[PDB]
Amino acid sequence: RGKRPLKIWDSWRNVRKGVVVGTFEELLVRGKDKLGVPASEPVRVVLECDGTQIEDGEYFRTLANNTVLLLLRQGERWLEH
């Protein structure tokens, strides 16, 4: 319900940011801004724990507050640890 906190980290789990967003599309916008990714550039968002990809509002709305997500750009892939 409404705006929620989520954690958005880069592919290497190095840059680690907090965002507050209401929708998946807003997740992409703020995630890219906070990680210094140009707004046009396409990205993928995955769960930090197991690389599961999030691509829509439905799955997005199932996420708990402060779920840790990775933003993957340009061929970066999910890895363990």
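Which of the residues that make up segment 1-27 are of a type in the set (D, E) and without any contact (Cβ under 8 Å) to a residue 60 or more places away in the chain?
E25, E26, listed by residue number.
If I filter segment 21-70 down to residues being out of contact with any helix residue (DSSP H, G or I) (no Cβ under 8 Å at 6 or more places or on another chain), of a type in the set (V, I, T) and over 12 Å from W9 (Cα atoms), which single residue comes out as surrounded by the most Cβ atoms within 10 Å (Cβ to Cβ)?
The extreme case among them is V29.
Cβ-Cβ below 9 Å, separation at least six or inter-chain, first residue in segment 28-40 and within 17 Å of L6 (Cα to Cα), second surrounded by 14 or more Cβ atoms within 10 Å (Cβ to Cβ) and among the aromatic types (F, W, Y): which pairs?
Listed pairs, sorted by first residue: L35/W9.
Would you mind listing the strands (runs of 3 or more DSSP E) fully within segment 1-55 where at least 3 residues are among the aliphatic types (A, V, I, L, M) and out of contact with any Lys or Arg (no Cβ under 7 Å at 6 or more places or on another chain)?
43-47
If you take the residues in segment 71-81 that are of a type in the set (A, V, I, L, M) and in contact with a strand residue (DSSP E or B) (Cβ under 6 Å, 6 or more places away or on another chain), which one is surrounded by the most Cβ atoms within 10 Å (Cβ to Cβ)? Don't jump to the end; show me each part of the working.
First, the residues of segment 71-81 that are of a type in the set (A, V, I, L, M): 71-72, 79.
If we keep only those that are in contact with a strand residue (DSSP E or B) (Cβ under 6 Å, 6 or more places away or on another chain) too, we end up with 71-72.
Working: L71: 22, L72: 17.
Of everything passing the filter in segment 71-81, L71 is surrounded by the most Cβ atoms within 10 Å (Cβ to Cβ).
As a convention, Cβ positions derive from the backbone with ideal geometry for all residues, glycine included, and neighbour counts pool all protein chains shown. Since every read-out is calculated from the coordinates, none of them should be taken as a lab result.
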